[PDB]
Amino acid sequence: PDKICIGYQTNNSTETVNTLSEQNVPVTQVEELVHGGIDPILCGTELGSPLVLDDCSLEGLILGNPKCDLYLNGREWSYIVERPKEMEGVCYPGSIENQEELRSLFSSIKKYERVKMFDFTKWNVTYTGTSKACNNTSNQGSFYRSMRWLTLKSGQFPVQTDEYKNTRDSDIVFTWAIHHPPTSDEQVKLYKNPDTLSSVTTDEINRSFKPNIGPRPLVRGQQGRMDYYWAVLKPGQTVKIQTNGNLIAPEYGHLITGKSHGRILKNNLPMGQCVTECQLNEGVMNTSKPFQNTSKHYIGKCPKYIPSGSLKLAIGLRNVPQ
C-alpha cells in the first residue's frame, strides 16, 4: 500500500540552548552572540594615532619638565596612553590645584603647540634660576621650560608688571606657581623682601597669593615647597602678571585646538601599525556579534558589554534522534 508522511530534520550537532522552562535543550542550528576574545594591541582610530607615554606623565608635559624636551615641538592624538609605572611629572615638590580637571581638559583637545606669552629680556630681575630637584636628562641643575624662577637683580627686587593679549583665534592654557622658602634667609637672599604680594588677573578671574616662611619635610632633598596653579585665556582676553617676589611666572602657554576622544588609557600594550573601529584598555576587536565580555569602558563603535562568557540563540528546531 502507497503511503506519504511529514517529518523534520535531525543532525549530529552537540549544541544546546537554555529556555525559561528547561536547561540545555539540544537544537540543530545555533548562533553565538558573545565574542570572547581580544587582540592585545594598541591601534589608531579614524581621528588618527594615539600619544603613548612611557617616560613622562601628562602634567609634566604641560609644566614642561626638563626631562620631557622631546614634546616641546607639540603633538596631536586620537587618544592618550600612560604606562602604569613611575612617570616624571612635577619635579619640584608641591601640589597642582584642580589636577584631575587640568588632565581632563588637556586630554579632551586634539592638538597643542607652544606660544611665547612673556618676554623676560625687558624685565629688571634675574630669570635664570635652576634647582637640583628639577635635573635635566644629563643630571644638570635645570628648571621648567614653560615657567621662569624670578630672583633679585643687583641686590634689589622692585614691583614688576607686564601684559599679554590672546589674538591667535584659539584658547591658551598656562601655568604659574608660588614658592614658599623654608628659612627667613632664603626669602631675603632670593627675593630680598620679608613679605611679598603676587597676583594673576584676567577679564574673568582675579587671584592674589602670599608666601609664608616655614620649613617642610624633605621630599626631593628640598626643605622648600611650591603651590602650582593653571588658567585658560580665551581669544581676545588679556592676562596681566604683577609681583615683588615669590612667583614662578609663565614664559610659554599651550595653544589648544579641536576635539580628541577625551581619554587617558592605563595599559602596557604594544603600539601596533593598524586601523580599528573599537579600542579597549584590554585590546582591539572587530566582530559581527552583538555582545562582548572584556570591558564596559571602550572607545568607538563596539558591541554591548555583558558579564556572560557565552549566550546561544536557537535558530533551528529541537534535535530529536530517530
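Residue indices: 1-based, along the sequence shown.
- Taking only CA atoms, the mean B-factor in the PDB entry is higher for 52-60 than for the other of 52-60 and 283-291.
- Per-stretch averaging of Cα B factors for 294-302 and 5-13 places 5-13 on top.
- The entry lists C-alpha B-factors for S78, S107, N98, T167, and the highest of these is at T167.
- For the set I178, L152, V232, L102, the maximum C-alpha B-factor listed in the entry falls on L152.
- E251: CA B factor in the middle third of modelled residues in this chain (values from the PDB entry).
- Among the modelled residues of its chain, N267 has a C-alpha B-factor that falls in the lowest third according to the deposited record.
- Residue-level temperature factors show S21 in the middle third of its chain, judged at the C-alpha atom.
- In the deposited entry, the Cα temperature factor of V34 sits in the bottom third of values across the chain's modelled residues.
- Per the PDB record, residue ranking by Cα B-factor puts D171 in the middle third of the chain.
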